[PDB]
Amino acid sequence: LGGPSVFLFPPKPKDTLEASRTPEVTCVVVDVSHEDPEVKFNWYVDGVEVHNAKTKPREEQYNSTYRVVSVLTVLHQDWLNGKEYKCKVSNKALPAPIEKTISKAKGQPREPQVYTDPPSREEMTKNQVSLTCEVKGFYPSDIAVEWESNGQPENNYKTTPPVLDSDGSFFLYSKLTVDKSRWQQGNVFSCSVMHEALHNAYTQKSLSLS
């Protein structure tokens, strides 16, 4: 052991994009020795120290190290306005306190273009068909894509990670796989996208058998 390490994690995209949710910044300290498990946390928001953070229960990793985690609640506006969140970690095993800083990716926010594609005619021979949701030209890369149908979530889908495009924006694809019969019945399927650059941080695109 050469000393504990620190990893500072951002809040979930959906947590920052929905008013119902409460976004959190997480400062994780690993490789905390048993001899000196005492960890001091100092939180800062744009250089100003705050005192409303809470420490999660200590966890034994069973490799002779503890896992110490401090969680700081952030405001939706504060995160979206690009406030800096600094986590300072002090411990006897550290020659000097470790400081890590995270915030929203900086840069002009860009609105996602959402397009959908129906299955090919060749796909009408298979047991299941693929529906495509194309989300492109958005920034930052923080986003959440979901599917639904008749006010009910469709879960049989996969989404590619965001890919850096040539124009500096991001794009991704989400593929929903449904039974053929469901598709040939004329049922409407919806692709829902959540991103800060959308109006009310939300848009929904639909398609059906045409």
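We number the residues from 1 along the sequence you see.
With 145-153 and 164-172 compared on mean CA B-factor from the PDB entry, the stretch scoring higher is 145-153. Sorting the modelled residues of the chain by their CA temperature factor places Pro95 in the highest third. Ranked by Cα temperature factor within the chain, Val193 sits in the lowest third according to the deposited record. Remark: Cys27 belongs to the lowest third of its chain, ranked by C-alpha B-factor as recorded.
Per the PDB record, residue ranking by Cα B-factor puts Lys136 in the lowest third of the chain. Among the modelled residues of its chain, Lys88 has a C-alpha B-factor that falls in the lowest third according to the deposited record.
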